[PDB]
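One structure below.
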Amino acid sequence: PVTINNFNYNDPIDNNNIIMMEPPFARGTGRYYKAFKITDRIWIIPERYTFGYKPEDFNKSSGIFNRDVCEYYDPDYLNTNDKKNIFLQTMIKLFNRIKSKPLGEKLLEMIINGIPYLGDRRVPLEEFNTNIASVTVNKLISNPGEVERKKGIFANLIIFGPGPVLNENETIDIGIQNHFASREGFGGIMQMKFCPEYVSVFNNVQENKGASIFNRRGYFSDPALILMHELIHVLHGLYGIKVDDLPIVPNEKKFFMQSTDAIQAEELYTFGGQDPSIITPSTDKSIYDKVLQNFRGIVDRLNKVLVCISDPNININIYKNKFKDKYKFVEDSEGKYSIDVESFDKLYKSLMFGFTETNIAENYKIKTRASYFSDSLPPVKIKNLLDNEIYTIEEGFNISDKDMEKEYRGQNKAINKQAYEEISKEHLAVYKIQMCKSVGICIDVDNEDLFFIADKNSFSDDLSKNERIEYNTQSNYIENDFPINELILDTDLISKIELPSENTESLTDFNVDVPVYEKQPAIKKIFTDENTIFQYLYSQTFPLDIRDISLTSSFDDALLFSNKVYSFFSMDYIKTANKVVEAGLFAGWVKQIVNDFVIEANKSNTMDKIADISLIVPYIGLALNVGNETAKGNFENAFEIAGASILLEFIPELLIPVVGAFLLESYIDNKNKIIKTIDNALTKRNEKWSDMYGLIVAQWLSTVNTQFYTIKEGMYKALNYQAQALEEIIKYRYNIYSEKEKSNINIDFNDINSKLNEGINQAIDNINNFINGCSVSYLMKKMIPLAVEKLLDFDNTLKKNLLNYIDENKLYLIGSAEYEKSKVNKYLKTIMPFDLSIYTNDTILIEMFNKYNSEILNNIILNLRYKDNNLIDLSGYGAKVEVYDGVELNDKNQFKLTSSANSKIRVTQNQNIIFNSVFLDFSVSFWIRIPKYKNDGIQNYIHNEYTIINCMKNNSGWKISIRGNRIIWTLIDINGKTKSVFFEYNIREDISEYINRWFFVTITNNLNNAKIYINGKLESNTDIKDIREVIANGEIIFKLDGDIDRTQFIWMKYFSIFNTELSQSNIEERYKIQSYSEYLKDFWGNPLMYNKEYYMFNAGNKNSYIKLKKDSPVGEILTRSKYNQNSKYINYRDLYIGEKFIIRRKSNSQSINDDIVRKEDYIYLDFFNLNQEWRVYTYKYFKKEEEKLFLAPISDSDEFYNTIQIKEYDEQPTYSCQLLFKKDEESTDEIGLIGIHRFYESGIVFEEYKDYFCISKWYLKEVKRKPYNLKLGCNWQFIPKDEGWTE
Ligand SMILES: [Ca+2]
Ligand SMILES: [Ca+2]
Ligand SMILES: [Zn+2]
């Protein structure tokens, strides 16, 4: 257990627990400090830490000590005895809170028992030397006013009050002659400057501070955790493992990069959480090796220590026993000490990954910041930690009794205001970057607001070094994890070995290095004419002395005029916000503009499924103009083209080393050693893949995810500035009114702000999901593949290396050189899949990753789309696409392959995507339009198979071919085995739903089957279990290849590939998504057009057509003529028959050239009666359910309706459309729909039934039924002449 002593500042000096100490940095001169022993080996000195600081620096100035901290200055803190006593009682309370739980008590016990070794690097191996500044510190015994008598004492930790900056707590170690005992295995007296009252503040991005913008946001820290964070550094220093290694250094070559001190891995380990992931496995092992090496030195010393010359009274055995337990060394029955690898591993991991701020916060239910790399806010002052109504030892601020245990409400600034006070900004100093334009307007930007981007030098290149493989050689993995539960329940973690007495000989050698600190300018002026995130956010603010503003979409005007504020919301939102109205209409207006704000913010949930993008926040570019000029042009378009990369302010140069070669050790005659060597080389190869992935994650987290964090914060600020601007306008407009008018204006300012905040929170959630998806996207598509390339290259080089090794050792292996030759082939075959959870256990990160992987659209490894008269891959993996001259492209994403040699597309796929191995798992989807057979060429049509898409590599791969009315999918494994699955449509149907008409194809492959889906429906299945390895990432050639007629061609659209098997459900959805359009289609599936001749088809009367009756103004319905020749293979009904209709637009006298017909458009349905253009009419006064349509010349009669509204009542994909007659555009008076009706005719000579072109009200209710009745007589399709259909 740990005992926390009690005492008051004014208690008498007793030379035991209350002394006059000579601090280490005093060099044995100057005054002494009244120090109090709060626990064994731990002292508290309630005074300011002045070592290395100028007295005037305690005053707030125009300078700062740290570039990344909102520094609070207060020279009077601790300037009175009573203040000193309050500090003591507070420290006592924090220590009690700390030991209030096993984990904290153990942290304290480890620290108390982790006494520094008696000596350092300069001390001979055979000696203990207590006469050094890192081991002994002096206390003055003699009477006041005379240093005549002093005594020495051993100590582990001395905690002082704060230095100039109150909120800048720090743990300092003792360096002597340029070296640090605490960094070389020995350990040394540790010091700390700490302040319990002025604590840090933080707010989570992915969260919300009570979801109240207009209110105080963020959470304040629990000083006990802040203290335990420093105690962890102390712990590392005491055990001499606070080593220095390759640090994370921020890139600072650009004006938008955040400047900060180099960050050592020990700092990141101390914080825990995701931060250890920023330290590559390479550096993790480097640091581990240095510590182990340090411990080897100490263990050697224990085996050689013979005497303590500095203190004759030191009991050698007592200390050897203590140090043995401190470092967990083992000793044989003779007393010989050695390192036990298992115990060292557990101690090391406990100290580096067990005791972390993150782990401790979780255990104590204390909320803290998500990461070391998170924006720092201004600190707040805790009113009274000594008041149990505000802070207790058991629960800190989160007192369940005050209903503040849940959701850390006790630390919430918006909720627990009685616990703290804001700090006077006058006493705060903040490092700012002044961005001046070459003229000159300047904008100040806090350093914290810039992008933190780790420089390439931050990462180790150890992977490029060679490795010797031997029968010995084993793997090396350091899990940045330690089960906190075993630590808390560990029986031998805490020492039970006697703690040596603290009294010793007074120190006489005061040699020590004393740090010297100095402030630097708080403002750094730079020049740039760029208008990026900082300028854009700035343009959204207004001075405090201005109260009348107006919104504007003009960024430039907003910068120029102080009464102009920039807005990235709609033109309409902006106009309404600037609208001035009468008092009686103000409440109405407030409701309107506020509602508009919510709508605008909610556009953050915009979908873009047709472009294969589920979520897109359209206004991000306009809001920040971050990255590559995202404020210009259409952001959504730019994103579809370049993806996540366009939002990055800077594209990092990644460190991706060529993996070093393996040197296999020769073992002539030894069969086992040789075989073991081979195995060890294989496993070692896996360590390389994993380490490479770890190197990638580290860079992603510190160079890319940091940039996206800045963007998320930027959007939070942007949205808030917008709400604030609207709030400013509303207040102004309201206050222009007189008191009398205001009394009659029904406005609730708190409901308004509530409405706004809610809209903002909803927006922020969408933006968070959007950005995280972008960040993961960049990792998976722009980083991992470049590592895979090097790793694959490594595998190859290693492959020949091993086989050649099994070669030179063929004899010594005998009848086995074959068994292990295949062993090598199959091993270097299956590659390591990337799993983020292996490199971090951070919930937020893991969830981001899993979400990404649960989105089928991220499985797209090829997506050919039209852009600027060219086809390019938008999957994000950068496939090279060569479209040759003979291919015809249009902006409808349709491309045509002809019989010409130059009608071809060459696609070179990305070779670094896990596509192959395990069992063949991928899908291919595309739309296709295949022309009808030439009647006089039916034999060749059904006989000649021709390839259209071929993808082979080493005579293995896949292809899509066509033989007449059959489309074929063929696989060929590495051995030559071939399997096929096909879809064949009928060519004897009166009306085919496939011939020369656009339809959707989807082929999926799993280890068992090959399936072909047509328009979402499964059509064919083939068992492909026998098929082995199938190389599918070779070049893809789009080209008609075979014995084709020179008239043969093929149209294709939306070609894409997925590296997984699509479900029937995914396919049906893709089908509906790619079928969608605002316009109607024609019979062939192309967009319906105005001013284009069309024959009419009726889905309810397939074999019927309309013809103007010779004797009357009606359309009689006749039977379609048919294929007349004698081929047994074909049959169809003629399509180019009946009247030639043409659709004319009703509105805008923009003439009659041509155009796209959209749903709900009002039209005139006309047709050609010889040299005249006639029209389709409906007599206005019929009382029956239906009537024959009236066909006549163009004219305007009050007796006939002439306007038609083209409709689409079907919710599912179809090329049919419906035609409605309404009383007039505005009314909701429906006359009926155009269809076909059967009439009975009985005349003097003929008796029979005849069908006529009609209008019926009966259809009105029918088109509502679900599922949609495709057989309804009101379903029509327009058929224009097409080269793909000849009759
Ligand atoms: Ca690490
Ligand atoms: Ca302005
Ligand atoms: Zn720290």
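Residue numbering restarts at 1 in every chain; chains get A, B, ... in the order shown in the structure tokens, and ligands count up from 1 in that same order.
Neighbours of residue 439 in chain A closer than or equal to 12 Å, with only C-alpha atoms counted and sequence neighbours fewer than 5 positions away skipped, come out as residues 527, 528 and 529 of chain A.
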If the limit is 12 Å from any atom of ligand 2, counting only C-alpha atoms and all ligand atoms, which residues qualify? Return them as a ChimeraX atom specification.
/A:535-544,546,548-567,725
Could you take the residues named above and write them with C-alpha atoms, as a tab-separated table (two decimals), in the first residue's frame?
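Wrote it out as out-v1.tsv, contents follow:
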chain	number	residue	atom	x	y	z
A	535	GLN	CA	-8.55	33.22	-45.76
A	536	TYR	CA	-11.89	31.57	-46.59
A	537	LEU	CA	-12.76	31.00	-42.92
A	538	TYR	CA	-11.66	34.57	-42.21
A	539	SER	CA	-13.94	36.01	-44.92
A	540	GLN	CA	-16.83	34.52	-42.95
A	541	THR	CA	-16.26	36.76	-39.90
A	542	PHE	CA	-16.94	40.42	-39.07
A	543	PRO	CA	-15.44	42.95	-36.61
A	544	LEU	CA	-16.86	43.36	-33.11
A	546	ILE	CA	-19.94	46.30	-36.58
A	548	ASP	CA	-25.08	45.50	-39.54
A	549	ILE	CA	-23.89	42.93	-42.08
A	550	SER	CA	-25.13	41.35	-45.31
A	551	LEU	CA	-24.27	37.94	-46.75
A	552	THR	CA	-22.54	37.51	-50.10
A	553	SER	CA	-21.43	34.66	-52.35
A	554	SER	CA	-18.48	36.82	-53.42
A	555	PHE	CA	-15.38	35.82	-51.49
A	556	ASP	CA	-13.49	38.86	-52.75
A	557	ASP	CA	-16.18	41.32	-51.67
A	558	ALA	CA	-16.37	39.72	-48.23
A	559	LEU	CA	-12.64	40.29	-47.75
A	560	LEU	CA	-12.87	43.89	-48.90
A	561	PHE	CA	-15.92	45.11	-46.97
A	562	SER	CA	-16.29	44.70	-43.22
A	563	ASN	CA	-20.07	44.74	-43.51
A	564	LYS	CA	-19.97	41.92	-46.07
A	565	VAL	CA	-19.78	38.31	-44.88
A	566	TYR	CA	-19.07	35.35	-47.16
A	567	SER	CA	-21.49	32.44	-47.36
A	725	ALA	CA	-23.83	35.64	-39.17
Selection as a PyMOL selection string: residues within 12 Å of ligand 3 by only C-alpha atoms and all ligand atoms:
chain A and resi 168-172+192+225-236+242+263-272+356-357+371-372
Check range 320-460 of chain A with DSSP on the backbone and list each residue it calls helix (DSSP H, G or I), as a ChimeraX atom specification.
/A:320-326,341-354,357-364,400-402,406-411,417-419,425-427,447-449,456-458
Would you name the residues within 9 Å of ligand 1, counting only C-alpha atoms and all ligand atoms, and put them as a PyMOL selection string?
chain A and resi 265+269+275-285+478-480+694-695+698+839-840
Enumerate, as a PyMOL selection string, the complete set of residues in range 1012-1152 of chain A that a backbone-based DSSP assignment places in strand (DSSP E or B).
chain A and resi 1012-1014+1017-1023+1035-1042+1050-1058+1079+1081+1087+1089-1090+1093-1098+1104-1108+1115-1119+1122+1133+1141-1145
Restricted to C-alpha atoms, what would the selected residues look like written as a PDB file, in the first residue's frame?
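Once everything was written out, this is result_34.pdb:
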ATOM      1  CA  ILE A1012     -24.598 -14.193 -65.399  1.00  0.00           C
ATOM      2  CA  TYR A1013     -27.294 -11.697 -64.429  1.00  0.00           C
ATOM      3  CA  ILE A1014     -29.392  -9.814 -66.991  1.00  0.00           C
ATOM      4  CA  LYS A1017     -32.185 -11.317 -62.853  1.00  0.00           C
ATOM      5  CA  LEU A1018     -29.993 -14.428 -62.573  1.00  0.00           C
ATOM      6  CA  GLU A1019     -30.012 -16.117 -65.976  1.00  0.00           C
ATOM      7  CA  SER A1020     -27.232 -18.693 -66.031  1.00  0.00           C
ATOM      8  CA  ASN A1021     -24.985 -20.567 -63.623  1.00  0.00           C
ATOM      9  CA  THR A1022     -21.841 -22.669 -64.123  1.00  0.00           C
ATOM     10  CA  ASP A1023     -20.033 -24.758 -61.518  1.00  0.00           C
ATOM     11  CA  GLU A1035      -4.293  -5.843 -69.808  1.00  0.00           C
ATOM     12  CA  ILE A1036      -7.922  -5.496 -70.830  1.00  0.00           C
ATOM     13  CA  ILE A1037      -8.443  -5.115 -74.578  1.00  0.00           C
ATOM     14  CA  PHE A1038     -11.823  -3.815 -75.804  1.00  0.00           C
ATOM     15  CA  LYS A1039     -12.107  -4.741 -79.475  1.00  0.00           C
ATOM     16  CA  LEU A1040     -14.240  -6.822 -81.818  1.00  0.00           C
ATOM     17  CA  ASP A1041     -12.033  -9.810 -82.589  1.00  0.00           C
ATOM     18  CA  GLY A1042     -13.081 -12.685 -84.821  1.00  0.00           C
ATOM     19  CA  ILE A1050     -21.347  -3.016 -80.369  1.00  0.00           C
ATOM     20  CA  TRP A1051     -22.333  -0.244 -77.961  1.00  0.00           C
ATOM     21  CA  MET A1052     -21.292  -0.398 -74.309  1.00  0.00           C
ATOM     22  CA  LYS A1053     -21.708   1.755 -71.197  1.00  0.00           C
ATOM     23  CA  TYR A1054     -20.685   1.909 -67.526  1.00  0.00           C
ATOM     24  CA  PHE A1055     -18.021  -0.801 -67.650  1.00  0.00           C
ATOM     25  CA  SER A1056     -16.751  -1.607 -64.182  1.00  0.00           C
ATOM     26  CA  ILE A1057     -15.135  -4.390 -62.178  1.00  0.00           C
ATOM     27  CA  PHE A1058     -15.439  -5.358 -58.512  1.00  0.00           C
ATOM     28  CA  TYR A1079     -35.865  11.941 -69.087  1.00  0.00           C
ATOM     29  CA  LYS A1081     -36.272   6.739 -73.122  1.00  0.00           C
ATOM     30  CA  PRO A1087     -32.988   9.384 -74.299  1.00  0.00           C
ATOM     31  CA  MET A1089     -35.964  13.486 -78.013  1.00  0.00           C
ATOM     32  CA  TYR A1090     -38.116  16.354 -79.265  1.00  0.00           C
ATOM     33  CA  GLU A1093     -39.494  10.926 -85.992  1.00  0.00           C
ATOM     34  CA  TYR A1094     -40.780   7.915 -84.059  1.00  0.00           C
ATOM     35  CA  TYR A1095     -43.017   4.974 -84.856  1.00  0.00           C
ATOM     36  CA  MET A1096     -45.238   4.040 -81.924  1.00  0.00           C
ATOM     37  CA  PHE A1097     -45.264   0.782 -79.970  1.00  0.00           C
ATOM     38  CA  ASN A1098     -47.859  -0.371 -77.438  1.00  0.00           C
ATOM     39  CA  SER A1104     -50.303  -3.658 -83.252  1.00  0.00           C
ATOM     40  CA  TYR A1105     -49.621  -0.282 -84.815  1.00  0.00           C
ATOM     41  CA  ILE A1106     -51.534   2.949 -85.443  1.00  0.00           C
ATOM     42  CA  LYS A1107     -52.581   4.109 -88.921  1.00  0.00           C
ATOM     43  CA  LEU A1108     -54.624   7.179 -89.892  1.00  0.00           C
ATOM     44  CA  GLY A1115     -56.207   6.168 -85.734  1.00  0.00           C
ATOM     45  CA  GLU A1116     -57.201   2.618 -86.553  1.00  0.00           C
ATOM     46  CA  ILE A1117     -55.133  -0.177 -84.991  1.00  0.00           C
ATOM     47  CA  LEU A1118     -53.657  -2.749 -87.395  1.00  0.00           C
ATOM     48  CA  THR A1119     -51.568  -5.919 -87.068  1.00  0.00           C
ATOM     49  CA  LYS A1122     -43.711  -9.833 -90.151  1.00  0.00           C
ATOM     50  CA  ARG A1133     -42.660  -8.197 -86.360  1.00  0.00           C
ATOM     51  CA  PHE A1141     -44.946  10.587 -84.976  1.00  0.00           C
ATOM     52  CA  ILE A1142     -42.852  13.489 -83.753  1.00  0.00           C
ATOM     53  CA  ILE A1143     -42.911  15.073 -80.294  1.00  0.00           C
ATOM     54  CA  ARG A1144     -43.027  18.888 -80.113  1.00  0.00           C
ATOM     55  CA  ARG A1145     -42.288  21.020 -77.049  1.00  0.00           C
TER      56      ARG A1145
END
Could you pull the residues within 9 Å of residue 299 in chain A, counting only C-alpha atoms, minus those fewer than 3 positions along the same chain, as a ChimeraX atom specification?
/A:294-296,302-304,323-324,327,329,337-339
With N, CA, C and O atoms kept, could you save the residues just selected as an mmCIF file, in the first residue's frame?
data_model
loop_
_atom_site.group_PDB
_atom_site.id
_atom_site.type_symbol
_atom_site.label_atom_id
_atom_site.label_comp_id
_atom_site.auth_asym_id
_atom_site.auth_seq_id
_atom_site.Cartn_x
_atom_site.Cartn_y
_atom_site.Cartn_z
ATOM 1 N N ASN A 294 20.398 -1.344 -22.521
ATOM 2 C CA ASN A 294 20.655 -0.582 -21.305
ATOM 3 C C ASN A 294 20.577 -1.492 -20.086
ATOM 4 O O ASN A 294 21.409 -1.404 -19.181
ATOM 5 N N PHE A 295 19.578 -2.367 -20.063
ATOM 6 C CA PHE A 295 19.408 -3.276 -18.941
ATOM 7 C C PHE A 295 20.537 -4.298 -18.860
ATOM 8 O O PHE A 295 20.885 -4.752 -17.769
ATOM 9 N N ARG A 296 21.112 -4.659 -20.005
ATOM 10 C CA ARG A 296 22.217 -5.617 -20.011
ATOM 11 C C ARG A 296 23.390 -4.999 -19.254
ATOM 12 O O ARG A 296 24.090 -5.680 -18.507
ATOM 13 N N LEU A 302 25.532 -5.397 -11.626
ATOM 14 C CA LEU A 302 25.146 -6.093 -10.407
ATOM 15 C C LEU A 302 26.044 -7.300 -10.140
ATOM 16 O O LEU A 302 26.311 -7.630 -8.984
ATOM 17 N N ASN A 303 26.507 -7.953 -11.203
ATOM 18 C CA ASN A 303 27.388 -9.113 -11.071
ATOM 19 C C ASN A 303 28.824 -8.694 -10.747
ATOM 20 O O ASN A 303 29.658 -9.533 -10.420
ATOM 21 N N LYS A 304 29.115 -7.404 -10.850
ATOM 22 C CA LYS A 304 30.463 -6.922 -10.588
ATOM 23 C C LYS A 304 30.596 -5.895 -9.470
ATOM 24 O O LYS A 304 31.709 -5.603 -9.032
ATOM 25 N N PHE A 323 17.745 -3.670 -6.703
ATOM 26 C CA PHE A 323 17.893 -3.466 -8.146
ATOM 27 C C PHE A 323 17.485 -4.712 -8.925
ATOM 28 O O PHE A 323 16.941 -4.613 -10.029
ATOM 29 N N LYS A 324 17.735 -5.883 -8.346
ATOM 30 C CA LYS A 324 17.352 -7.122 -9.003
ATOM 31 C C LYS A 324 15.846 -7.128 -9.205
ATOM 32 O O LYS A 324 15.348 -7.541 -10.255
ATOM 33 N N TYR A 327 14.540 -4.154 -11.822
ATOM 34 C CA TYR A 327 14.644 -4.542 -13.224
ATOM 35 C C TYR A 327 14.160 -5.958 -13.553
ATOM 36 O O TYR A 327 14.259 -6.401 -14.691
ATOM 37 N N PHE A 329 15.406 -8.874 -12.893
ATOM 38 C CA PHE A 329 16.457 -9.795 -13.315
ATOM 39 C C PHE A 329 16.229 -11.088 -12.536
ATOM 40 O O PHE A 329 15.485 -11.100 -11.554
ATOM 41 N N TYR A 337 23.372 -12.938 -11.523
ATOM 42 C CA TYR A 337 22.219 -12.284 -12.149
ATOM 43 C C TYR A 337 22.269 -12.295 -13.672
ATOM 44 O O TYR A 337 23.332 -12.163 -14.279
ATOM 45 N N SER A 338 21.101 -12.442 -14.282
ATOM 46 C CA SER A 338 20.987 -12.445 -15.731
ATOM 47 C C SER A 338 19.607 -11.941 -16.129
ATOM 48 O O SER A 338 18.691 -11.859 -15.306
ATOM 49 N N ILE A 339 19.467 -11.588 -17.397
ATOM 50 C CA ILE A 339 18.191 -11.119 -17.901
ATOM 51 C C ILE A 339 17.313 -12.283 -18.331
ATOM 52 O O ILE A 339 17.758 -13.185 -19.042
#
Counting only C-alpha atoms, what is within 12 Å of residue 1074 in chain A, bar same-chain residues fewer than 4 positions away, as a ChimeraX atom specification?
/A:608-612,892-893,925-927,998-1001,1015-1016,1053-1055,1067-1070,1212-1213
